[PDB]
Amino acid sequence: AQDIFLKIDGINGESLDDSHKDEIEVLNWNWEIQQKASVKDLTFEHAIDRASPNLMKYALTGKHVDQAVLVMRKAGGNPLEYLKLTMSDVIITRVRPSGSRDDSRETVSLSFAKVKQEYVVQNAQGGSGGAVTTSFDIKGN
């Protein structure tokens, strides 16, 4: 079971991880690009936490945040952050809180003007291999 973190400027979570403290722990996420081209909002799901009141306020006001960084880290004895997705000029577009009394999550969508993706290859020893990075200015084409 891997760990996924999301660092949004001005909106802190309650992650107790040493390397990603006060960040949002993301249970799952998805993104889509379709054909210039159409970039869909990045949707992630997290439990209702410290960031939930601020996420609703930003969604209603529509205020921009400087940057949002999504990180996925391998589990086990090789904690490699193999994927890092950096989003610049992020807008909160959708928040869906929910809850039940039988064992609460929240679905949030992010829209951004710039995106950078970094991937790290893991070798047999579990360390870092080669890093591939691509960037694009969605707003500026």
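One rule holds for the numbers: they count along the sequence shown, beginning at 1.
The gap between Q35 and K36 holds 10 or more unmodelled residues of the deposited sequence.
A summary of the deposited B-factors shows that, of 123 to 131 and 19 to 27, the stretch with the larger mean C-alpha value is 123 to 131. Per-stretch averaging of Cα B factors for 54 to 62 and 74 to 82 places 74 to 82 on top. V90: CA B factor in the middle third of modelled residues in this chain (values from the PDB entry). Ranked against the other modelled residues of its chain, the C-alpha B-factor of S109 as given in the entry falls in the lowest third. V69: CA B factor lies in the lowest third for its chain, per the PDB record.
Among all modelled residues in this chain, the alpha-carbon of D49 has a temperature factor (C-alpha) in the lowest third. For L6, the recorded CA temperature factor ranks within the lowest third of the chain's modelled residues.
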